[PDB]
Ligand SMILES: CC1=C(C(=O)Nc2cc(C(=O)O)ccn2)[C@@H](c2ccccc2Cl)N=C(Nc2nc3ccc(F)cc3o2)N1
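This document starts with one chain, in the form deposited without this ligand, laid out as structure tokens.
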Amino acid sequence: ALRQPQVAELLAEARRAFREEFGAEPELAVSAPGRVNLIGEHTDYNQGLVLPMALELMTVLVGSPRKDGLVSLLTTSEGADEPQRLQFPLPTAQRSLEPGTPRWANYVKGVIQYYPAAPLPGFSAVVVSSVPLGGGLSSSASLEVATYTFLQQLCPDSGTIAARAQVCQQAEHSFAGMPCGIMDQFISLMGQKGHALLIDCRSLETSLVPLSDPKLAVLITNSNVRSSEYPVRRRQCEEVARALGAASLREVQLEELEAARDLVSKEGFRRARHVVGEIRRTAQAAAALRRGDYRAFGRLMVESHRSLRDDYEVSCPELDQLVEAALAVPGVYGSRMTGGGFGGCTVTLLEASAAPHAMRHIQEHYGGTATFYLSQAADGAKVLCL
């Protein structure tokens, strides 16, 4: 089941590490959670709908401003790239920051580089995280949003919440070489406890769908395996949208995609069929969840996974084996791969009482080492007072 430390443990760990690294007590502290997507995969960059929820796994940042004008960072996460420490001067008009080594610091460097407010002072900071790094629960986005929320303490920002999510997204593109969508940054910033967020990535309007049923559990199963094909999938969708004269696959419904089948590639048609169908499935999933129809929600999860496995082809044999094992347990409503795919985690919605047997059944039928997280919908990025 694997324990989830709470803000008190992470804050204390981060603050003890700060004292034993910089001599003084930290002056500021922030946290930003990871996320799991209940449904709506690879609709992100297609101006579609997603239904993520923030997790109890989070990244905590403690620090203090400096008069030096340098940034000094240390992270305690064991999976972090080596070295665990890095120091650099703040960017100027002449010289700007550039991505490099270690890779974990590029997320921090990107947000600093693209931070819209000034003057930004130097700072010392310690980073702690309970999000498994690169495990498909968007550890990077939690670090980007935590960094942004920390910098707001150094110098308050003026833009909208959407502008903050796009800054962290701009950091991921340039400093991490990953052309991701907006969901991970958005849900980390905007999550609310006991609620999933139906996010329209075209209008950035959000809808809060409550998930605070004690008889309901969300189970995260990390496959522990491992994105070469993610870019390619993005441009196949843009070519299909361009071929149909539309700005994005959000503007295309299944009937028009079927009517224009001969205007696009055979693979391109199979990618758009998932994207257009998945957008519709999340709208149906949100509605099913509002009225408490967990069985209908679970069936939409299974359709989403099979669609990702056959039409979008972004699943792997380990994920498919984890989903089929979970689907055999009654009291599991549905199971599905989450994140970009090619490994990572599977999300499962199930009855709370069935969680112990589900984990034993999933583990027994998996040809690897599966790690489990039982998570509730958590709050978004928040300032912590020391």
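When you see a residue number, it is the position in the sequence shown, counting from 1.
The same protein also exists as the form solved in complex with this ligand; that form is not shown, yet it is the one meant from here on.
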query	finding
Stretch in contact, per heavy atom within 4.5 angstroms of this ligand in the entry with it bound, of 236-244, 286-294, 113-121, 250-258	286-294
Contact label in the entry with it bound: residue 267 to this ligand, heavy atom within 4.5 Å	no
4.5 Å heavy atom contact, residue 358 to this ligand in the entry with it bound	no
Contact of residue 326 with this ligand in the entry with it bound (heavy atom, 4.5 Å)	no
Partner proximity in the entry with it bound: residue 194 to this ligand, non-hydrogen atom cutoff 4.5 Å	yes
Contact residue in the entry with it bound, from 322, 53, 332, 57 (heavy atom within 4.5 Å of this ligand)	53
Contact assignment for this ligand in the entry with it bound, among 216, 316, 97, 162, heavy atom within 4.5 Å	216
Contact set, 371-386 vs this ligand in the entry with it bound - heavy atom within 4.5 angstroms	375, 376, 377, 378
